[PDB]
Student: 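One structure follows; several queries about it will come next.
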Amino acid sequence: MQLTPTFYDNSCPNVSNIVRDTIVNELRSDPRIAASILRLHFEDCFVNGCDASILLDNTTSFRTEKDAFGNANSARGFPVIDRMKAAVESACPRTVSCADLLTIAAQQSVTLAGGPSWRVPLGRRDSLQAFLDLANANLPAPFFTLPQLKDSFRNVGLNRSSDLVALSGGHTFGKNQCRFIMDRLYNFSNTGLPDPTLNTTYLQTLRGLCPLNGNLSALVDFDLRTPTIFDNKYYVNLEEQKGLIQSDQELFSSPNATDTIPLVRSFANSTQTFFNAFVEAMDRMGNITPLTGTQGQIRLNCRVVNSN
Ligand code: HEM
Ligand SMILES: O=C(NO)c1ccccc1
Ligand SMILES: [Ca+2]
Ligand SMILES: [Ca+2]
């Protein structure tokens with residue numbers, strides 16, 4: 001069955017607004033919630049498709065993807081998802097899936113943060129289990145080379161250059177832990193020297209935030225220009241060698257960036273072009289092997305599988 005943005009138009013016409021209201025309220029106390037939620041959707045989609053598998057807690061028949069490298073002590077916003085689900089279950093009992101709810105949340109988070117607005121295709125259902133081993137192998141790492149980032153995306157069906165470059169724009173807001181850039185700052189690639197593609201003046205600033213013996217969990221803004229605004233500032237930074245993580249700067253400085261550089265240049269000088277590409281990439285990502293029809297279920301509680 002094909003996903004459609006009109007899926008809940010009759011069964012729960014107000015799910016969108018309920019989701020938005022929840023985020024709007026949380027934003028007051030947590031300015032970063034919008035970035036965390038968009039990332040939860042991405043982490044979900046890349047492991048067995050967008051089926052809300054990342055939301056499941058540990059059970060005795062399978063381990064949680066929340067423990068996966070990249071997710072453990074990194075992913076967040078779960079109790080917020082719990083709140084959205086409860087509000088929606090009240091208005092529309094057993095109607096909206098966690099997988100679809102997380103998809104709308106990601107979209108509203110982008111819009112609320114100043115990004116484009118669009119109706120995401122819906123109709124996805126929830127998985128009956130989590131896949132930790134798959135997560136540990138399918139999620140791209142910050143130390144990946146351009147070709148490795150490409151293999152990683154092609155692996156789940158996103159075999160276009162615009163997919164990698166456009167979705168990477170998700171790093172236009174949010175934070176990153178010092179621990180993930182330490183090598184770029186003090187000993188890159190076992191050379192005892194910092195990454196040569198890192199702006200030297202910016203390297204000073206970064207070394208100040210992430211001292212060699214400091215707190216590895218200290219957070220740093222992904223986008224030094226507009227840290228919380230969803231815009232194309234992320235691509236401008238790359239052009240100045242100010243991409244925060246290796247996988248970031250590689251889109252512009254890697255010797256394999258022949259096909260990505262033109263897209264960086266383009267997105268950096270046109271918000272409309274970037275937003276179009278982002279919406280198109282997002283919908284494509286939201287379409288990775290989804291459960292539909294009778295497959296999977298509609299979780300009452302996103303943290304656990306329905307007993308029946
Ligand atoms: C190209 C491969 C990618 C790599 C290697 C990667 C790596 C990372 C890393 C290292 C962090 C920080 C983790 C932490 O400090 O706890 C992170 C955070 C984040 N990523 Fe990515 N990422 C990738 C793709 C994406 C995509 C496609 C999106 C989705 C649009 C995305 C959205 C985000 C957001 C918004 C955050 C910050 C979340 C928060 O502040 O809570 N990432 N990513
Ligand atoms: O966000 C990640 N993958 O999408 C990630 C983050 C840190 C380490 C490994 C992977
Ligand atoms: Ca999943
Ligand atoms: Ca920004």
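The first residue in the sequence is number 1, and the count goes up from there. Only this structure's heavy atoms are used, side chains among them; waters, hydrogens and symmetry mates stay out. Indexing begins at 1, ligand by ligand and atom by atom, following the structure's order.
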Student: Pick, from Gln177, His41, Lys175, the option with the minimum heavy-atom distance to atom 15 (O) of ligand 1.
Tutor: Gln177
Student: Can you tell which part of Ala141 has a heavy atom less than 4.0 Å from ligand 1: side chain, backbone, both or neither?
Tutor: backbone
Student: So that I can tick it off, tell me whether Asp259 and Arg160 are bridged by a salt bridge, with the cut-off set at under 4.0 angstrom between side-chain N and carboxylate O.
Tutor: no
Student: For atom 10 (C) of ligand 1, find the nearest protein heavy atom and state the residue, atom name and distance (0.1 Å precision).
Tutor: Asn176 OD1, 3.4 Å
Student: Would you say that more than 12 heavy atoms from the other residues, nucleotides or ligands in this model lie under 6.0 Å from the CZ of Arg63, or not?
Tutor: no
Student: Considering non-hydrogen atoms of the protein only, which is the closest contact for atom 4 (C) of ligand 1, and what is the distance?
Tutor: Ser247 OG, 3.9 Å
Student: Please list the nearest protein heavy atom to atom 2 (C) of ligand 2 with its residue and the distance rounded to 0.1 Å.
Tutor: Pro140 O, 3.5 Å
Student: Taking 3.0 Å as the cut-off, does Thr228 contribute an N, O or S atom near the Ca ion (ligand 4), distance below it?
Tutor: no
Student: Please say whether more than 12 non-hydrogen atoms of neighbouring residues, nucleotides or ligands are located less than 6.0 Å from CD in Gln272.
Tutor: no
Student: I'd like to know if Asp163 and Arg284 make a salt bridge, using a cut-off of under 4.0 Å between side-chain N and carboxylate O.
Tutor: yes
Student: Can you tell me how far the OG atom of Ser90 sits from the CD1 atom of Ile18, to the nearest 0.5 Å?
Tutor: 8.5 Å
Student: Which of the numbered atoms in ligand 1 are below 4.0 angstrom from a heavy atom of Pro142?
Tutor: 5 (C)
Student: So that I can check it, does any N, O or S atom in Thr172 come closer than 3.0 Å to the Ca ion (ligand 4)?
Tutor: yes
Student: By atom name, which N, O or S atom of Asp231 is the nearest to the Ca ion (ligand 4)?
Tutor: OD1
Student: Could you tell me, atom by atom, which parts of ligand 2 come under 4.0 Å of a heavy atom of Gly70?
Tutor: 5 (C), 6 (C), 7 (C), 8 (C), 9 (C), 10 (C)
Student: Would you call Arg124 and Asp51 a salt bridge, using N to O less than 4.0 angstrom?
Tutor: no
Student: If you define the side chain from C-beta out and look only at heavy atoms, does anything of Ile37 sit under 4.5 Å from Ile23?
Tutor: yes
Student: Decide if the gap between the ring center of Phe222 and the ring center of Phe173 is smaller than 6.0 angstrom.
Tutor: no
Student: Are side-chain heavy atoms of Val80 and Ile33 found at a separation under 4.5 Å?
Tutor: yes
Student: Ignoring hydrogens, just give me the one of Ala106, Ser36, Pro140 whose non-hydrogen atom is nearest atom 2 (C) of ligand 1.
Tutor: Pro140
Student: Mind listing the closest non-hydrogen atom pair of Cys92 and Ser11 along with its distance?
Tutor: SG-O, 3.9 Å
Student: Between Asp223, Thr111, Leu112, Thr172, which is the residue that forms a side-chain contact (heavy atoms from CB on, under 4.5 Å) with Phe230?
Tutor: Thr172
Student: Taking heavy atoms and a distance under 4.0 Å, where does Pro142 meet ligand 2: side chain, backbone, both or neither?
Tutor: side chain
Student: Does the distance from a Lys or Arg side-chain N to an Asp or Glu carboxylate O, for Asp30 and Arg76, drop under 4.0 Å?
Tutor: yes
Student: Is the closest heavy atom of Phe42 to ligand 2 under 4.0 Å?
Tutor: yes
Student: Is any NZ, NE, NH1 or NH2 atom of the basic residue among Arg154 and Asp151 found under 4.0 Å from an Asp or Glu carboxylate oxygen of the other?
Tutor: yes
Student: How far is atom 7 (C) of ligand 1 from its nearest protein heavy atom, and which residue and atom name does that atom have?
Tutor: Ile245 CD1, 3.8 Å
Student: Using a 4.0 Å heavy-atom cut-off, which part of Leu167 comes near ligand 1: side chain, backbone, both, or neither?
Tutor: both
Student: Would you kindly specify which portion of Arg32 sits under 4.0 Å from ligand 1, judged on non-hydrogen atoms: side chain, backbone, both or neither?
Tutor: side chain
Student: Do the ring centers of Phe153 and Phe46 come within less than 6.0 Å of each other?
Tutor: yes
Student: Of all the heavy atoms in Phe144, does at least one lie under 4.0 Å from an atom in ligand 1?
Tutor: no
Student: Of all the non-hydrogen atoms in the protein, which one sits nearest to atom 4 (O) of ligand 2, and at what distance?
Tutor: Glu43 OE2, 2.7 Å
Student: State the atoms of ligand 1, each with its element, that fall below the 4.0 Å cut-off from a heavy-atom position in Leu38.
Tutor: 30 (C)
Student: Give the name of the N/O/S atom in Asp223 that lies closest to the Ca ion (ligand 4).
Tutor: OD2
Student: Of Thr6, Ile104, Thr4, which meets side-chain contact (heavy atoms from CB on, under 4.5 Å) against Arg119?
Tutor: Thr6
Student: Closest non-hydrogen protein atom to atom 35 (C) of ligand 1, residue and atom name please, with distance?
Tutor: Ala35 O, 3.2 Å
Student: Tell me whether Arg94 is salt-bridged to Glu89, with the criterion being a basic N under 4.0 Å from an acidic carboxylate O.
Tutor: no
Student: Could you tell me, atom by atom, which parts of ligand 2 come under 4.0 Å of a heavy atom of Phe180?
Tutor: 7 (C), 8 (C)
Student: Take atom 21 (Fe) of ligand 1 and tell me which protein N, O or S atoms are nearer than 2.8 Å.
Tutor: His171 NE2
Student: Between the Ca ion (ligand 4) and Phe222, is there an N, O or S atom separated by less than 3.0 Å?
Tutor: no
Student: Are side-chain heavy atoms of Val304 and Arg299 found at a separation under 4.5 Å?
Tutor: no
Student: If hydrogens are left out, which of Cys45, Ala113, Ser74 has an atom nearest to atom 14 (C) of ligand 1, that is, the closest non-hydrogen atom?
Tutor: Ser74
Student: Report yes if the side chains of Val24 and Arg28 come closer than 4.5 Å at any heavy-atom pair, otherwise no.
Tutor: yes
Student: Report, in ascending order of atom number, the atoms of ligand 2 lying under 4.0 Å from any heavy atom of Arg39.
Tutor: 1 (O), 2 (C), 6 (C)
Student: Got more than 12 heavy atoms from elsewhere within 6.0 Å of CG, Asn256?
Tutor: yes
Student: Heavy-atom contacts with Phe69 under 4.0 Å: which atoms of ligand 2 show up? List them by number with element.
Tutor: 8 (C), 9 (C)
